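For reference, my_file_35.cif is printed below; it contains mmCIF, C-alpha atoms and all ligand atoms.
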```
data_work
#
loop_
_atom_site.label_atom_id
_atom_site.label_comp_id
_atom_site.auth_asym_id
_atom_site.auth_seq_id
_atom_site.Cartn_x
_atom_site.Cartn_y
_atom_site.Cartn_z
CA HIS A 1 41.68 22.34 75.38
CA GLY A 2 40.56 23.87 78.64
CA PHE A 3 41.70 25.63 81.81
CA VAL A 4 41.00 25.90 85.57
CA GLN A 5 38.02 28.29 86.14
CA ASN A 6 37.63 27.99 89.93
CA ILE A 7 39.28 26.59 93.05
CA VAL A 8 37.28 25.48 96.14
CA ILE A 9 39.13 25.68 99.50
CA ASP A 10 37.62 25.55 103.05
CA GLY A 11 34.08 26.30 101.88
CA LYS A 12 34.63 29.23 99.47
CA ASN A 13 35.42 29.78 95.80
CA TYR A 14 38.71 31.40 94.72
CA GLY A 15 38.11 32.40 91.10
CA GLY A 16 40.68 31.13 88.57
CA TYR A 17 42.69 32.96 85.92
CA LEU A 18 40.00 33.11 83.23
CA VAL A 19 42.35 33.03 80.23
CA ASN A 20 39.40 33.78 77.78
CA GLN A 21 38.45 37.01 79.65
CA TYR A 22 41.25 38.57 81.73
CA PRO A 23 43.90 38.86 78.94
CA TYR A 24 41.33 41.06 77.04
CA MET A 25 40.78 43.44 80.04
CA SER A 26 44.14 45.30 80.69
CA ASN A 27 43.10 46.29 84.24
CA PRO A 28 42.38 42.60 85.21
CA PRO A 29 41.60 41.31 88.79
CA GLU A 30 43.94 39.89 91.50
CA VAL A 31 43.54 36.06 91.92
CA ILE A 32 45.41 33.09 93.50
CA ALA A 33 45.87 31.66 89.96
CA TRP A 34 48.86 32.54 87.77
CA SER A 35 48.18 34.63 84.63
CA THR A 36 49.07 32.98 81.29
CA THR A 37 48.98 34.00 77.59
CA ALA A 38 47.37 30.63 76.60
CA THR A 39 44.22 32.37 75.17
CA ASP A 40 43.84 29.49 72.65
CA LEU A 41 43.00 27.32 75.79
CA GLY A 42 45.86 25.15 74.50
CA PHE A 43 49.00 23.40 75.69
CA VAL A 44 52.78 23.22 76.00
CA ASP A 45 54.10 20.35 73.84
CA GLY A 46 57.53 18.70 73.88
CA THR A 47 59.09 21.64 71.93
CA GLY A 48 58.50 23.75 75.13
CA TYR A 49 59.56 21.25 77.88
CA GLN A 50 62.94 23.05 78.35
CA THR A 51 61.41 26.57 78.01
CA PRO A 52 59.90 28.58 80.89
CA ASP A 53 56.42 27.96 79.35
CA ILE A 54 56.32 24.40 80.87
CA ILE A 55 56.54 25.73 84.49
CA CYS A 56 53.06 27.42 84.82
CA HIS A 57 52.03 27.49 81.07
CA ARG A 58 52.84 30.05 78.33
CA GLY A 59 53.97 33.53 79.49
CA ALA A 60 52.87 32.74 83.08
CA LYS A 61 53.27 35.24 85.95
CA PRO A 62 52.52 34.59 89.64
CA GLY A 63 49.05 35.21 91.05
CA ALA A 64 48.90 38.29 93.33
CA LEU A 65 46.91 36.33 96.04
CA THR A 66 47.62 33.21 98.14
CA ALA A 67 44.87 30.92 99.59
CA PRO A 68 45.36 29.37 103.05
CA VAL A 69 44.73 25.59 103.24
CA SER A 70 43.91 23.77 106.51
CA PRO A 71 46.38 21.01 107.57
CA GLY A 72 45.93 18.01 105.22
CA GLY A 73 43.13 20.10 103.67
CA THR A 74 41.63 19.72 100.16
CA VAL A 75 42.03 21.96 97.12
CA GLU A 76 39.35 21.26 94.44
CA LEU A 77 40.29 22.58 90.97
CA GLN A 78 37.35 22.99 88.61
CA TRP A 79 38.10 22.83 84.86
CA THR A 80 36.11 23.84 81.81
CA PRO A 81 34.56 20.68 80.32
CA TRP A 82 37.43 18.29 79.50
CA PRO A 83 37.12 16.48 76.15
CA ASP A 84 36.88 12.67 76.42
CA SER A 85 39.39 12.48 73.48
CA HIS A 86 42.12 14.13 75.61
CA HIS A 87 43.03 10.92 77.56
CA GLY A 88 45.99 11.15 79.90
CA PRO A 89 47.39 11.52 83.40
CA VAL A 90 46.63 14.19 86.03
CA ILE A 91 49.68 15.15 88.07
CA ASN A 92 50.14 17.54 91.00
CA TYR A 93 53.35 19.21 92.28
CA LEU A 94 54.26 21.73 94.98
CA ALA A 95 57.24 24.13 94.91
CA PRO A 96 58.15 26.28 97.92
CA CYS A 97 58.07 30.07 97.50
CA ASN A 98 60.34 30.74 100.54
CA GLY A 99 58.49 34.08 100.79
CA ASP A 100 55.47 35.63 99.01
CA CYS A 101 54.58 33.45 95.93
CA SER A 102 53.53 36.70 94.12
CA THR A 103 57.25 37.73 93.76
CA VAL A 104 58.84 34.29 92.93
CA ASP A 105 61.15 33.76 89.94
CA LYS A 106 59.30 30.81 88.33
CA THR A 107 62.59 29.64 86.69
CA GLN A 108 64.08 28.78 90.13
CA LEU A 109 61.07 26.83 91.46
CA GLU A 110 61.93 23.21 92.45
CA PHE A 111 58.80 21.00 92.33
CA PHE A 112 58.09 17.78 94.15
CA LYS A 113 55.30 15.45 92.97
CA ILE A 114 52.53 15.06 95.61
CA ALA A 115 49.98 13.06 93.56
CA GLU A 116 49.79 11.24 90.22
CA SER A 117 47.06 9.33 88.41
CA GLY A 118 47.57 7.58 85.04
CA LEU A 119 45.98 4.75 83.08
CA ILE A 120 43.11 3.41 85.27
CA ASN A 121 41.71 0.65 83.00
CA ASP A 122 42.53 -0.56 79.45
CA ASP A 123 39.63 -3.01 78.76
CA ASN A 124 38.70 -0.92 75.65
CA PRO A 125 41.75 0.96 74.21
CA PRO A 126 42.47 3.78 74.50
CA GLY A 127 41.00 3.05 77.94
CA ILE A 128 40.07 5.09 81.04
CA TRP A 129 42.61 7.57 82.37
CA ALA A 130 42.89 10.08 85.22
CA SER A 131 41.45 12.71 82.70
CA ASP A 132 38.35 10.44 82.41
CA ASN A 133 38.10 10.31 86.26
CA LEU A 134 38.22 14.18 86.10
CA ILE A 135 35.33 14.16 83.51
CA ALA A 136 33.35 11.65 85.61
CA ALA A 137 33.76 14.02 88.62
CA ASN A 138 32.06 16.79 86.49
CA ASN A 139 35.49 18.27 85.54
CA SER A 140 37.00 18.68 89.02
CA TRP A 141 40.10 17.30 90.69
CA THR A 142 40.62 17.05 94.49
CA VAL A 143 44.24 17.50 95.75
CA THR A 144 45.01 16.66 99.41
CA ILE A 145 47.95 18.69 100.73
CA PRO A 146 50.37 16.46 102.68
CA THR A 147 50.64 16.95 106.48
CA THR A 148 54.35 15.87 106.44
CA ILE A 149 55.82 18.88 104.48
CA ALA A 150 57.15 22.13 106.02
CA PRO A 151 54.33 24.68 106.03
CA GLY A 152 54.80 27.95 104.11
CA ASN A 153 53.85 29.43 100.79
CA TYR A 154 53.90 27.03 97.81
CA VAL A 155 52.98 27.03 94.13
CA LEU A 156 50.61 24.12 93.30
CA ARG A 157 51.30 23.06 89.68
CA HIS A 158 48.21 21.07 88.62
CA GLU A 159 48.37 19.43 85.18
CA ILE A 160 46.55 17.23 82.63
CA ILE A 161 48.72 15.71 79.87
CA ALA A 162 46.54 14.76 76.85
CA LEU A 163 48.03 11.81 74.83
CA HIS A 164 45.50 11.55 71.89
CA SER A 165 48.30 12.81 69.49
CA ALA A 166 51.26 11.49 71.53
CA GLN A 167 52.40 8.75 69.10
CA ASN A 168 54.27 11.54 67.21
CA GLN A 169 57.35 13.33 68.55
CA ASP A 170 56.19 16.47 70.48
CA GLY A 171 52.54 15.31 70.15
CA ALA A 172 51.77 15.10 73.93
CA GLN A 173 49.82 18.18 75.16
CA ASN A 174 50.68 19.53 78.64
CA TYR A 175 48.02 21.72 80.43
CA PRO A 176 49.76 23.06 83.60
CA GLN A 177 47.72 25.46 85.82
CA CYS A 178 49.44 27.08 88.85
CA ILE A 179 47.90 28.53 92.03
CA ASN A 180 49.41 30.07 95.19
CA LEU A 181 48.77 28.20 98.52
CA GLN A 182 49.63 28.90 102.16
CA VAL A 183 50.31 25.39 103.54
CA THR A 184 49.58 25.20 107.30
CA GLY A 185 50.29 22.61 110.04
CA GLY A 186 53.15 20.92 111.89
CA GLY A 187 55.17 19.07 109.15
CA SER A 188 58.94 19.36 108.54
CA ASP A 189 59.84 17.55 105.23
CA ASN A 190 61.67 19.65 102.55
CA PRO A 191 61.40 17.11 99.68
CA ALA A 192 64.00 16.93 96.91
CA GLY A 193 62.73 19.20 94.09
CA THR A 194 62.96 19.17 90.29
CA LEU A 195 63.22 22.33 88.11
CA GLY A 196 60.16 22.88 85.85
CA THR A 197 62.44 22.39 82.80
CA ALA A 198 63.59 18.93 84.10
CA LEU A 199 60.07 17.53 84.76
CA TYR A 200 59.57 16.10 81.24
CA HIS A 201 61.51 15.09 78.11
CA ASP A 202 59.78 14.66 74.70
CA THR A 203 60.80 10.94 74.46
CA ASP A 204 59.66 9.87 77.97
CA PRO A 205 57.78 6.55 77.87
CA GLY A 206 54.55 8.12 79.22
CA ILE A 207 54.94 11.09 76.73
CA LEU A 208 55.88 9.44 73.38
CA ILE A 209 53.32 6.64 73.32
CA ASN A 210 50.49 5.20 71.21
CA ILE A 211 47.44 4.97 73.55
CA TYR A 212 45.21 3.44 70.81
CA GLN A 213 46.94 0.03 71.14
CA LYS A 214 46.58 -2.32 74.18
CA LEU A 215 48.98 -1.01 76.91
CA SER A 216 50.44 -3.49 79.49
CA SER A 217 51.67 -0.57 81.71
CA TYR A 218 51.82 3.25 81.72
CA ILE A 219 54.83 5.07 83.26
CA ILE A 220 53.37 8.35 84.62
CA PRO A 221 55.85 11.06 83.55
CA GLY A 222 57.83 13.39 85.84
CA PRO A 223 60.01 12.83 88.91
CA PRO A 224 59.24 10.29 91.67
CA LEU A 225 56.17 10.72 93.87
CA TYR A 226 56.97 12.10 97.33
CA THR A 227 55.51 10.15 100.29
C1 LIG B 301 27.40 16.28 86.21
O1 LIG B 301 26.32 17.09 86.79
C2 LIG B 301 25.17 17.26 85.96
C3 LIG B 301 24.06 18.05 86.67
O2 LIG B 301 24.59 19.27 87.22
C4 LIG B 301 24.65 15.88 85.49
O3 LIG B 301 23.61 16.10 84.54
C5 LIG B 301 25.81 14.95 84.99
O4 LIG B 301 25.23 13.70 84.58
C6 LIG B 301 26.80 14.86 86.21
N1 LIG B 301 27.72 13.73 86.61
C7 LIG B 301 28.55 13.06 85.84
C8 LIG B 301 29.10 11.76 86.34
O5 LIG B 301 28.79 13.44 84.73
CU CU B 302 42.58 20.21 73.21
#
```
Representation of the structure as structure tokens:
Amino acid sequence: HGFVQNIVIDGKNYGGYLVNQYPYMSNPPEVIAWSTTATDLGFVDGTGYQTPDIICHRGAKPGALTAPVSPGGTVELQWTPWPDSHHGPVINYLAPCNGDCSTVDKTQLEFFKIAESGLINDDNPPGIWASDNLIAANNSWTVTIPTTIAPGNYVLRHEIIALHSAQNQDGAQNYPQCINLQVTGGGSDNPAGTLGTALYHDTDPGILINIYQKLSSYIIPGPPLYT
């Protein structure tokens, strides 16, 4: 359980969607982060993978603001303290807005995977995962925006999937957090994109899985990494 509290880009903080404050406020502030109704700081499980909730989390609506990123620049997402128990991958996707991200229909967004990190080491099951790298980095994740994609406005869909309950059907916990970016530079790729509702299925091999046993491999869920 947790959420993104802050985003660091080009030497300043863009405050996150503080899901334990702003939903209680009813004239809340404009941010680059999408609003959600996930006030339990919880997740979308496999029962919601083919619902709109999977795209940018429960009840999500676009952020009003968009942050510019330098070419091949970094976006650092800072989480609330991530529990060690919530082992799993950290996955990052972009979807083009083809216009102002604040007015996009989230149900039409077509994501391409720009980064993935999974099972890092399994010397002591359940092992050390991307989520443990995030904890070791004091609960932050650095995303590098590719230089090879067409610049424009994009949604960054940044996600932890916790697998501590994933041996049961619909036990995997997805924590997607979306922010609006203005990608800059000289690139031209328009990568093949996947609808939010086709990212994950509740029987995927990296989703329905017992992490407590020795694992020989881990198949990071979602569509193929773009390079
Ligand atoms: C996180 O930062 C705090 C001090 O701000 C430190 O006490 C903690 O040990 C840090 N680093 C890691 C790897 O957890
Ligand atoms: Cu939790």
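The spacing separating atom CA of residue A:140 from atom CA of residue A:118 amounts to 15.8 Å.
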Inset, instruction - Write out as a ChimeraX atom specification each polymer residue whose atoms come within 12 Å of residue A:196, counting only C-alpha atoms; drop sequence neighbours fewer than 6 positions from it. - result: /A:48-57,93-95,105-113,155,157,176,178,222-223
Kindly export the residues of the current selection with C-alpha atoms, as a PDB file, in the coordinates of the input.
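selection_14.pdb, written as the output of this step:
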```pdb
ATOM      1  CA  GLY A  48      58.500  23.750  75.130  1.00  0.00           C
ATOM      2  CA  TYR A  49      59.560  21.250  77.880  1.00  0.00           C
ATOM      3  CA  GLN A  50      62.940  23.050  78.350  1.00  0.00           C
ATOM      4  CA  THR A  51      61.410  26.570  78.010  1.00  0.00           C
ATOM      5  CA  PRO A  52      59.900  28.580  80.890  1.00  0.00           C
ATOM      6  CA  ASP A  53      56.420  27.960  79.350  1.00  0.00           C
ATOM      7  CA  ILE A  54      56.320  24.400  80.870  1.00  0.00           C
ATOM      8  CA  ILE A  55      56.540  25.730  84.490  1.00  0.00           C
ATOM      9  CA  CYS A  56      53.060  27.420  84.820  1.00  0.00           C
ATOM     10  CA  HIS A  57      52.030  27.490  81.070  1.00  0.00           C
ATOM     11  CA  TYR A  93      53.350  19.210  92.280  1.00  0.00           C
ATOM     12  CA  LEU A  94      54.260  21.730  94.980  1.00  0.00           C
ATOM     13  CA  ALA A  95      57.240  24.130  94.910  1.00  0.00           C
ATOM     14  CA  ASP A 105      61.150  33.760  89.940  1.00  0.00           C
ATOM     15  CA  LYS A 106      59.300  30.810  88.330  1.00  0.00           C
ATOM     16  CA  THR A 107      62.590  29.640  86.690  1.00  0.00           C
ATOM     17  CA  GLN A 108      64.080  28.780  90.130  1.00  0.00           C
ATOM     18  CA  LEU A 109      61.070  26.830  91.460  1.00  0.00           C
ATOM     19  CA  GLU A 110      61.930  23.210  92.450  1.00  0.00           C
ATOM     20  CA  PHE A 111      58.800  21.000  92.330  1.00  0.00           C
ATOM     21  CA  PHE A 112      58.090  17.780  94.150  1.00  0.00           C
ATOM     22  CA  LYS A 113      55.300  15.450  92.970  1.00  0.00           C
ATOM     23  CA  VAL A 155      52.980  27.030  94.130  1.00  0.00           C
ATOM     24  CA  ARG A 157      51.300  23.060  89.680  1.00  0.00           C
ATOM     25  CA  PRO A 176      49.760  23.060  83.600  1.00  0.00           C
ATOM     26  CA  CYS A 178      49.440  27.080  88.850  1.00  0.00           C
ATOM     27  CA  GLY A 222      57.830  13.390  85.840  1.00  0.00           C
ATOM     28  CA  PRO A 223      60.010  12.830  88.910  1.00  0.00           C
TER      29      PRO A 223
END
```
Inset, instruction - Could you give me the residues within 12 Å of ligand CU 302 (chain B), counting only C-alpha atoms and all ligand atoms, as a ChimeraX atom specification? - result: /A:1-3,38,40-45,80-88,160-165,171-175
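Take the candidates A:22, A:146, A:205, A:27 and check each one against residue A:217 using all atoms listed in the file; the shortest distance goes to A:205.
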Inset, instruction - Find the spatial neighbours of residue A:18, counting all atoms listed in the file, within a cut-off of 12 Å - ignore same-chain residues fewer than 3 positions away - and output them as an MDAnalysis selection string. - result: chainID A and resid 2:7 14:15 21:25 28:41 78:80 177
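Atom CA of residue A:16 lies 11.0 Å from atom CA of residue A:65.
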Ligand LIG 301 (chain B): which residues are within 10 Å, counting all atoms listed in the file? Reply as a PDB file with C-alpha atoms, keeping the file's coordinate frame.
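The result, stored in selection_39.pdb:
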```pdb
ATOM      1  CA  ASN A 133      38.100  10.310  86.260  1.00  0.00           C
ATOM      2  CA  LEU A 134      38.220  14.180  86.100  1.00  0.00           C
ATOM      3  CA  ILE A 135      35.330  14.160  83.510  1.00  0.00           C
ATOM      4  CA  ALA A 136      33.350  11.650  85.610  1.00  0.00           C
ATOM      5  CA  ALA A 137      33.760  14.020  88.620  1.00  0.00           C
ATOM      6  CA  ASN A 138      32.060  16.790  86.490  1.00  0.00           C
ATOM      7  CA  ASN A 139      35.490  18.270  85.540  1.00  0.00           C
TER       8      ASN A 139
END
```
Inset, instruction - To one decimal in Å, tell me the separation between atom CA of residue A:141 and atom CA of residue A:211. - result: 22.4 Å
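The shortest atom-to-atom distance to residue A:202, with all atoms listed in the file taken into account, belongs to A:47 out of A:153, A:227, A:13, A:47.
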Inset, instruction - Rank A:58, A:96, A:170, A:190 by their smallest atom-to-atom distance to residue A:203, using only C-alpha atoms, and report the top residue only. - result: A:170
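Of the residues under consideration (A:124, A:144, A:103, A:77), A:77 shows the shortest atom-to-atom contact distance to residue A:17 when counting all atoms listed in the file.
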Inset, instruction - Quick one: residues within 10 Å of (51.2, 25.1, 111.4) (file frame), counting only C-alpha atoms, please, as a VMD selection string. - result: chain A and resid 70 to 71 147 150 to 152 183 to 187
Inset, instruction - Tell me which of A:89, A:127, A:115, A:148 sits closest to residue A:206, counting all atoms listed in the file. - result: A:89
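Of the residues under consideration (A:213, A:180, A:142, A:26), A:180 shows the shortest atom-to-atom contact distance to residue A:62 when counting all atoms listed in the file.
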Inset, instruction - Skip residue A:116 itself and residues of its chain fewer than 5 positions away, then list as a PyMOL selection string all residues within 7 Å of it, counting only C-alpha atoms. - result: chain A and resi 90-92
Because the input lacks atoms here, generate N, CA and C atoms for stretch 114-135 of chain A and report them as a PDB file, keeping the file's coordinate frame.
```pdb
ATOM      1  N   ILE A 114      53.328  15.435  94.410  1.00  0.00           N
ATOM      2  CA  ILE A 114      52.530  15.060  95.610  1.00  0.00           C
ATOM      3  C   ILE A 114      51.399  14.103  95.248  1.00  0.00           C
ATOM      4  N   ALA A 115      51.007  14.000  93.982  1.00  0.00           N
ATOM      5  CA  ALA A 115      49.980  13.060  93.560  1.00  0.00           C
ATOM      6  C   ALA A 115      50.167  12.821  92.065  1.00  0.00           C
ATOM      7  N   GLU A 116      49.804  11.624  91.639  1.00  0.00           N
ATOM      8  CA  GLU A 116      49.790  11.240  90.220  1.00  0.00           C
ATOM      9  C   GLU A 116      48.697  10.202  89.991  1.00  0.00           C
ATOM     10  N   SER A 117      48.028  10.324  88.858  1.00  0.00           N
ATOM     11  CA  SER A 117      47.060   9.330  88.410  1.00  0.00           C
ATOM     12  C   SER A 117      47.238   9.143  86.911  1.00  0.00           C
ATOM     13  N   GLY A 118      47.183   7.903  86.424  1.00  0.00           N
ATOM     14  CA  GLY A 118      47.570   7.580  85.040  1.00  0.00           C
ATOM     15  C   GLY A 118      46.512   6.811  84.284  1.00  0.00           C
ATOM     16  N   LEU A 119      46.896   5.647  83.797  1.00  0.00           N
ATOM     17  CA  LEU A 119      45.980   4.750  83.080  1.00  0.00           C
ATOM     18  C   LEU A 119      45.251   3.930  84.152  1.00  0.00           C
ATOM     19  N   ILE A 120      43.934   4.031  84.200  1.00  0.00           N
ATOM     20  CA  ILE A 120      43.110   3.410  85.270  1.00  0.00           C
ATOM     21  C   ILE A 120      42.649   2.019  84.803  1.00  0.00           C
ATOM     22  N   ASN A 121      42.217   1.926  83.560  1.00  0.00           N
ATOM     23  CA  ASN A 121      41.710   0.650  83.000  1.00  0.00           C
ATOM     24  C   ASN A 121      41.904   0.661  81.482  1.00  0.00           C
ATOM     25  N   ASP A 122      42.230  -0.493  80.899  1.00  0.00           N
ATOM     26  CA  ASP A 122      42.530  -0.560  79.450  1.00  0.00           C
ATOM     27  C   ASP A 122      41.726  -1.655  78.786  1.00  0.00           C
ATOM     28  N   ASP A 123      40.556  -1.990  79.330  1.00  0.00           N
ATOM     29  CA  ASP A 123      39.630  -3.010  78.760  1.00  0.00           C
ATOM     30  C   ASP A 123      39.298  -2.620  77.312  1.00  0.00           C
ATOM     31  N   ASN A 124      39.070  -1.340  77.024  1.00  0.00           N
ATOM     32  CA  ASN A 124      38.700  -0.920  75.650  1.00  0.00           C
ATOM     33  C   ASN A 124      39.634   0.212  75.213  1.00  0.00           C
ATOM     34  N   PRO A 125      40.799  -0.080  74.583  1.00  0.00           N
ATOM     35  CA  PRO A 125      41.750   0.960  74.210  1.00  0.00           C
ATOM     36  C   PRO A 125      41.038   2.059  73.434  1.00  0.00           C
ATOM     37  N   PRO A 126      41.333   3.356  73.681  1.00  0.00           N
ATOM     38  CA  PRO A 126      42.470   3.780  74.500  1.00  0.00           C
ATOM     39  C   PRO A 126      42.344   3.734  76.019  1.00  0.00           C
ATOM     40  N   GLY A 127      41.185   3.335  76.519  1.00  0.00           N
ATOM     41  CA  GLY A 127      41.000   3.050  77.940  1.00  0.00           C
ATOM     42  C   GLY A 127      40.489   4.255  78.728  1.00  0.00           C
ATOM     43  N   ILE A 128      40.595   4.138  80.044  1.00  0.00           N
ATOM     44  CA  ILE A 128      40.070   5.090  81.040  1.00  0.00           C
ATOM     45  C   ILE A 128      41.262   5.571  81.836  1.00  0.00           C
ATOM     46  N   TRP A 129      41.422   6.884  81.841  1.00  0.00           N
ATOM     47  CA  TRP A 129      42.610   7.570  82.370  1.00  0.00           C
ATOM     48  C   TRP A 129      42.169   8.483  83.501  1.00  0.00           C
ATOM     49  N   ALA A 130      43.144   9.019  84.219  1.00  0.00           N
ATOM     50  CA  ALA A 130      42.890  10.080  85.220  1.00  0.00           C
ATOM     51  C   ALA A 130      42.018  11.194  84.605  1.00  0.00           C
ATOM     52  N   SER A 131      42.244  11.626  83.368  1.00  0.00           N
ATOM     53  CA  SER A 131      41.450  12.710  82.700  1.00  0.00           C
ATOM     54  C   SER A 131      39.981  12.278  82.619  1.00  0.00           C
ATOM     55  N   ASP A 132      39.739  10.980  82.410  1.00  0.00           N
ATOM     56  CA  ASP A 132      38.350  10.440  82.410  1.00  0.00           C
ATOM     57  C   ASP A 132      37.747  10.423  83.810  1.00  0.00           C
ATOM     58  N   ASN A 133      38.527  10.111  84.855  1.00  0.00           N
ATOM     59  CA  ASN A 133      38.100  10.310  86.260  1.00  0.00           C
ATOM     60  C   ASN A 133      37.707  11.789  86.480  1.00  0.00           C
ATOM     61  N   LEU A 134      38.518  12.728  85.968  1.00  0.00           N
ATOM     62  CA  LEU A 134      38.220  14.180  86.100  1.00  0.00           C
ATOM     63  C   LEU A 134      36.852  14.486  85.427  1.00  0.00           C
ATOM     64  N   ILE A 135      36.624  14.000  84.219  1.00  0.00           N
ATOM     65  CA  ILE A 135      35.330  14.160  83.510  1.00  0.00           C
ATOM     66  C   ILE A 135      34.190  13.558  84.343  1.00  0.00           C
TER      67      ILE A 135
END
```
